[PDB]
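First up is the structure itself, then whatever we jot down about it.
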Amino acid sequence: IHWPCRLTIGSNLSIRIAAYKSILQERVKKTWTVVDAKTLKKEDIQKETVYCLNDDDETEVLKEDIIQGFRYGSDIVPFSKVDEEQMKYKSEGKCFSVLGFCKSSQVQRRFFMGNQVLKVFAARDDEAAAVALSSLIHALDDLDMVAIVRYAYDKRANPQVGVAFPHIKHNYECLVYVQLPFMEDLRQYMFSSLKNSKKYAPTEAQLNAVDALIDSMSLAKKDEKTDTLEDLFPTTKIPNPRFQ
Amino acid sequence: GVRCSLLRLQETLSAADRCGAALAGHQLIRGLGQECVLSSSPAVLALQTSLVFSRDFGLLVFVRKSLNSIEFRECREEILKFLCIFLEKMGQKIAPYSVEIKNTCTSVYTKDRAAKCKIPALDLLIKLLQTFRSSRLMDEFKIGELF
Amino acid sequence: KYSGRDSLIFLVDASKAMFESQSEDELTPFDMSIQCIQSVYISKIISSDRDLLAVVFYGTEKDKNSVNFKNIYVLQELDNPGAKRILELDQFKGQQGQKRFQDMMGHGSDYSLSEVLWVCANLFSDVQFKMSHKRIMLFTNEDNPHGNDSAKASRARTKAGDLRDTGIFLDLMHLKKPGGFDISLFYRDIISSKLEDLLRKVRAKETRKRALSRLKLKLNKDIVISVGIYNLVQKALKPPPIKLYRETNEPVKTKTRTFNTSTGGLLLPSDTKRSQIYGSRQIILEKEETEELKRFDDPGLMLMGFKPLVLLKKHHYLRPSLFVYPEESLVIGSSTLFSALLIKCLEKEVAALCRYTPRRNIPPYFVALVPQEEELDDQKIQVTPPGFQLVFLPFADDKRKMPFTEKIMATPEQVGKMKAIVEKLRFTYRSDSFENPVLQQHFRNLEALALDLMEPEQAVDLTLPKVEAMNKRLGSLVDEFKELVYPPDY
DNA sequence: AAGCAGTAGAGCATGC
DNA sequence: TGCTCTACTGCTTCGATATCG
DNA sequence: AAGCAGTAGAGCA
DNA sequence: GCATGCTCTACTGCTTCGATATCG
């Protein structure tokens, strides 16, 4: 499915950009349907909830008594619905801005945190804009300089910052976007290290044993006098057993 | 010597410090469980079952009161598992004090949350209806609603 | 301890001089102290809302405690942070708040001694939970409360020795009487200034350390190693939306059922089956069969050989990466093999491949296990965990495909101009600090009805860029960078 | 998953 | 006759719901 | 339960 | 040689909090 938008760098570098989705946690598209015994049917089943103030001997209430109360410390406060409809949060439509760039390769391999990854790709219709982005990425590709994009989908959507990795290949020239954490999702706690140990030192015969282990349990093999790696067992083409 | 700790337990609960009322209630209910089972003279046993059973004050109204709390769990639990030894120190002579205990245990089940105390209510009902068999004394309890 | 907690006694000086305006007209240190106290409670009401707090004023005329000694008066008992307790602590601001303090107690006496440390100790000696940290942040100014008699100071340092016997840690916040390090008096055989941190660097966080899973890894069929699988990007969001009955301020606790086969009554969940429908034919199952068909393996991890770190491209991921570590609770002495395997994986750059079933019943997923080593220096700079990291790989229908039929060239002149632009816009990325807009405005919006100050404080956005501060960092190369080799010109 | 308590099949010392 | 609306529509987003360790 | 842009049927013509 | 007075620690179970699949 095609996705159009407009990338901006600074004040006015508005370049119309198309984008597509990539690897996503795939799910089924059929609902288990409740069927009572003796009927083999559904429509003769009423499944419902009752709004029942217990607290006491019960007095069964209706739905127009409901303040969507929230927790605060040691009490529970109102502001059910229209108050948060007033003082909710907005971020004025869709946006694909650039915060800045970073020449350091300190965005590590372990902070990606995304339920989907994006390819901002090109545009269509006499793509001088996309050859401008080709110039952009053919400049960006030489050094470890990445982009920190702020992305949102609509006013219902939430804002999220993330990395835009370069991707220069044979037929396609892509930029691939992944999300990033906020400083509320990190947590960092102390661990006991193992290098300076008094009881957990392994000796050299055991070291050579695990060296023989990691030798003789390998999977990659090199040949044909060019030393490009031949590896079997590609866990990216193997189908998933569940839906099968 | 009793009813001193009864009114002490009745009056110590209304103010704040809802752990002090819990510890005092534990001590005084232990006192009642010590000083009522020990007696054996039968008219004085009738005096005790006419002392702890009053329509204004007593254990039934005290456990009726502070159920809208969470701090009176240990004392209420001791009461509700003490009454299944008090239904076995005596017998079918308690029969004109029965339906109040049935309604007490029924509301205590359908009103509380924790099954540290929800099961002993069903213990008192499952002891009581096992005792008082199918007679005239089964028409007070509306079985058609209980089922 | 996991469900253990930390206490905090806030001791406030009021005898003679801290109530003084320092012959200035900016602010008094007393109201500065009340600013700091109200900010740390407005932080820990949502940050760490199970610690134990207390606040004690010393030196005044009256005294209410549990031991009845002079010049010691408390207002709060060791407890959770209470919004009513902070709505009664916020009234001590301004001249009328100072007047309110003056007409409910006043101040000034031959003030306390060792006895205020005594009432701190007996405040600690009463609460029956588990304790880990026990800190006293004293709010005082002077540097000799023993300015006339030596027995006061001798018994004070002996009492501090007896409090450090059980180890109760006190470290004051010295006010700015010289604004820094000049009055270095003999307040040093008791303990073992900076307040803007406590004023605003604690806005909205959470703290927890659990384990999330305790599994085992099987190499062949008989090499069992016990591991724990922690999570380190929690993906937090707001506390849940409770329902409330209208007037009497009570919850509802609703119910649900299913019935009505056009006869009325009540149907139990025992007579219930599941089904799927294609057009006319419906395949019927029981719920045991439905939960049975998602059964492929035992709970655990399964080794499937090794790989070098060259093919698993960082284009591939589908999961927030977890972290795994060995524990000597189930299988005795498996960290020895883990330390050896760690050493040879960091010496020979190799990384393993495994099959993953975390819970007791789940279809499998292929994972890859990547080594990782700590970093450290003299300041206990523990920033990276020693162990393994789990990258998750897709299988079959995830990697879709684009129409693929596009390829145009470019020309190498714009590389240096873009280098100039990226070096104008260059910065080291971060170490923290990109806080959440929606959650920050939500917690301030909750705070506005919590303490009813005036209104929602407009929580400042931080995800937006400073457009003018990159306009002037850039300059007037924007139009030539547009139309140097690509003029639109309609 | 952490943790928190309390029952209870299972034995020892004793009486009729 | 082509443009301009117009009800639908696939498809996405959180959101309250349900399960478990 | 909510929105957003694509895509075949009316209305003035 | 059968039916009671008296200790006993491992097993199991509920609560508390946190994390993940789900229909809409």
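In the structure tokens, each chain is lettered A, B, ... as it comes, each chain's residues begin at 1, and ligands are numbered from 1 in order of appearance.
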
Alpha helix (DSSP H) per DSSP on the backbone: members of segment 37-169 of chain A, as a PyMOL selection string: chain A and resi 82-86+128-140

Any chance you could tabulate, as a Markdown table, the residues of chain E at most 12 Å from chain C with each one's nearest atom pair and distance in Å to one decimal, using only C-alpha atoms (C1' of nucleotides), in chain and rising number order?
| residue | atom | partner | partner_atom | distance |
| --- | --- | --- | --- | --- |
| E:14 | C1' | C:237 | CA | 11.3 |
| E:15 | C1' | C:241 | CA | 10.3 |
| E:16 | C1' | C:241 | CA | 8.9 |
| E:19 | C1' | C:359 | CA | 11.9 |
| E:20 | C1' | C:359 | CA | 8.9 |
| E:21 | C1' | C:213 | CA | 7.5 |

Which polymer residues have any atom within 10 Å of an atom of residue 33 of chain C, counting only C-alpha atoms (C1' of nucleotides), with same-chain residues fewer than 2 positions away left out, as a JSON list (two decimals) with C-alpha atoms, in the first residue's frame?
[["chain", "number", "residue", "atom", "x", "y", "z"],
["C", 10, "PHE", "CA", 12.81, 15.99, 56.28],
["C", 12, "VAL", "CA", 13.44, 21.80, 59.06],
["C", 13, "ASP", "CA", 15.24, 24.45, 61.15],
["C", 18, "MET", "CA", 16.38, 30.94, 58.76],
["C", 28, "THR", "CA", 13.72, 33.51, 52.32],
["C", 29, "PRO", "CA", 15.50, 30.17, 52.85],
["C", 30, "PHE", "CA", 12.45, 28.92, 54.79],
["C", 31, "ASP", "CA", 10.18, 29.25, 51.77],
["C", 35, "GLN", "CA", 9.64, 24.82, 47.66],
["C", 36, "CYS", "CA", 12.06, 21.87, 47.73],
["C", 37, "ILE", "CA", 9.80, 19.74, 49.96],
["C", 38, "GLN", "CA", 6.70, 20.34, 47.84],
["C", 39, "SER", "CA", 8.63, 19.57, 44.66],
["C", 139, "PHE", "CA", 17.34, 21.77, 56.32],
["C", 140, "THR", "CA", 19.49, 24.00, 58.55],
["C", 173, "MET", "CA", 21.17, 20.45, 52.34],
["C", 175, "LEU", "CA", 21.63, 26.74, 52.54],
["C", 195, "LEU", "CA", 18.92, 22.16, 44.96]]

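Atom pair atom CA of residue 4 of chain A / atom CA of residue 17 of chain A: separated by 6.0 Å.
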
Coordinates-based distance that separates atom CA of residue 12 of chain A from atom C1' of residue 12 of chain E (Å, one decimal): 28.8 Å

Exercise answer, chain A residues close to chain F, 9 Å and only C-alpha atoms (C1' of nucleotides), as an MDAnalysis selection string: chainID A and resid 154:156

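Excluding residue 114 of chain A itself and same-chain residues fewer than 3 positions from it, the residues having an atom within 9 Å of it are residues 117, 178, 179 and 180 of chain A; 317, 318, 319 and 320 of chain C, counting only C-alpha atoms (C1' of nucleotides).
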
For chain C versus chain D, which residues have an atom no more than 12 Å away, and what is each residue's nearest atom pair and distance in Å rounded to one decimal, using only C-alpha atoms (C1' of nucleotides), chain-then-number order, as JSON lines?
{"residue": "C:1", "atom": "CA", "partner": "D:2", "partner_atom": "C1'", "distance": 10.0}
{"residue": "C:2", "atom": "CA", "partner": "D:2", "partner_atom": "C1'", "distance": 7.6}
{"residue": "C:3", "atom": "CA", "partner": "D:2", "partner_atom": "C1'", "distance": 8.3}
{"residue": "C:4", "atom": "CA", "partner": "D:3", "partner_atom": "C1'", "distance": 11.6}
{"residue": "C:209", "atom": "CA", "partner": "D:2", "partner_atom": "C1'", "distance": 11.1}
{"residue": "C:210", "atom": "CA", "partner": "D:1", "partner_atom": "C1'", "distance": 7.6}
{"residue": "C:211", "atom": "CA", "partner": "D:1", "partner_atom": "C1'", "distance": 7.2}
{"residue": "C:212", "atom": "CA", "partner": "D:1", "partner_atom": "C1'", "distance": 6.7}
{"residue": "C:213", "atom": "CA", "partner": "D:1", "partner_atom": "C1'", "distance": 7.5}
{"residue": "C:214", "atom": "CA", "partner": "D:1", "partner_atom": "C1'", "distance": 8.8}
{"residue": "C:228", "atom": "CA", "partner": "D:1", "partner_atom": "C1'", "distance": 11.3}
{"residue": "C:229", "atom": "CA", "partner": "D:1", "partner_atom": "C1'", "distance": 11.9}
{"residue": "C:230", "atom": "CA", "partner": "D:1", "partner_atom": "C1'", "distance": 11.8}
